[PDB]
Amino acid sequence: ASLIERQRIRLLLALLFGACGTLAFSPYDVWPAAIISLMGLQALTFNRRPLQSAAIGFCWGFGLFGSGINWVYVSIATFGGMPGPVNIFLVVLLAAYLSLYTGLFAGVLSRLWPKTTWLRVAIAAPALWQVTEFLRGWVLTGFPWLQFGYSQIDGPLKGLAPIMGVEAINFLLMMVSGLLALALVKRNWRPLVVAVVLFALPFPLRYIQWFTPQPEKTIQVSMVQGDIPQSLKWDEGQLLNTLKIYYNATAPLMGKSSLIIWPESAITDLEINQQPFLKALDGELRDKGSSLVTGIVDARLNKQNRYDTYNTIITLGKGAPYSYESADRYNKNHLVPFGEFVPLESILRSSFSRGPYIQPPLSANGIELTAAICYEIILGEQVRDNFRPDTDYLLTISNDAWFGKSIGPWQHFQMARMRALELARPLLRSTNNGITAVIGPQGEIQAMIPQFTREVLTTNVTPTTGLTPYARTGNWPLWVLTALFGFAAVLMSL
């Protein structure tokens, strides 16, 4: 009845529609839940004072992030060793912090566009959503987790991503959901019909093959899922076991896999301390026709006699002869706040160093791979900026053990697939215990191995070539459209 007119009621409803969005993502993968959840955000903010709407937008995001990233509890409650009730409160406060952007969005849109209009709902709303999600992903090194475009990796809007990137899918979903909500509140069919047409219009885009496979460059790839337990992962007494596990999994594959991939910091020891093992492995790999790509930590003495410690990938074997001075390596550029550095260096009473934002592809046995470590693979623009036309495969390596048996590693994995569709290359993804797989150049799963197991994924994979429209332009076409919408929307209501 008029129960829905009560602000506190709209806030409770905001939690449910918000938390409903978590179902859009992996493993749930009910992509219609994203439109449900966005319709709630669009409708529940109608006809509210701007500060009430900002609260509703806040409470909507608290349902999303509260239900969707509460897996960070495992990382927190294990990495930083605090009481438990306290690690719960940290997860709340992170879910609260992210919900500020979703409260910012609702407040500004209520303030600038108070009327229940298609202008507010289809023009202002997605342009403002483009900006607020941008800030959520940039401020304090950002956290653009749970963006609804990723739930379309297997959906009808798929074919938009090679054109304009996953954020164009975000933009269209907010638009389509706004007119659906507008139609229901104002019981009018015109925004319903528009919402359908716009939702259907990208459907033929998934028929466009932007890439050309290179069957002559097809190689066999192995990725060793070592399954080194996080409680023992960096124990300074079982490096030998880790070294024996990965080596013994790799030796029988030499001469048969052109490319072998060990996950993030597989070698759990400084690169400078492992020269005899690395020099020895390199010659063996080269003696066979094989090449190895592995993560490792490099504490590198700088010019100033201090140490820069990097999260790195190194290359050995055929076509990439190992050398501590080699240029065939990649240093992680985007570091995990708290996990890899203390955010805000203004304090005083350690922290990884960063590699450059743009780095050349690694080269192993004649194959060029564009690398990302851990959740770097979710930074669509950073990946596209490192991508080169001569790239053969996308490569990401990750240790998802920090998130345990939750929906975390599935969300991470879904986002990495979006990169394969966007730049239309295969994605090689290599992890410690979770979600090691090969993604085809259209985001399909070509191969995966089960989580929490010690084994190697071995399969043939064909490099592709050609440039998608998004690989040629990055994010700037969508920004121009959001500036046009923003300029246009603001011009009327101002």
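The first residue of the sequence shown is number 1, and the count goes up from there.
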Residues of the deposited sequence left unbuilt between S350 and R349
10 or more
Which has the higher mean CA temperature factor in the PDB entry, 96-104 or 187-195?
187-195
Of 438-446 vs 45-53, the stretch with the larger average CA B-factor in the entry is 45-53
Name the residue from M418, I76, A320, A424 with the greatest C-alpha temperature factor listed in the entry.
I76
Taking the Cα B-factors listed in the entry, which of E368, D308, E284, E167 comes out highest?
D308
Should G18 be placed in the lowest, middle or highest third of its chain by the C-alpha B factor in the entry?
middle
Among the modelled residues of its chain, does the C-alpha B-factor of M254 lie in the lowest, middle or highest third?
middle
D392: C-alpha B-factor third of its chain, per the entry, is the lowest
Record-listed C-alpha B factor of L316: chain third:
lowest
Looking at the entry's B-factor column for C-alpha atoms only, identify whether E133 ranks in the lowest, middle or highest third of its chain.
middle
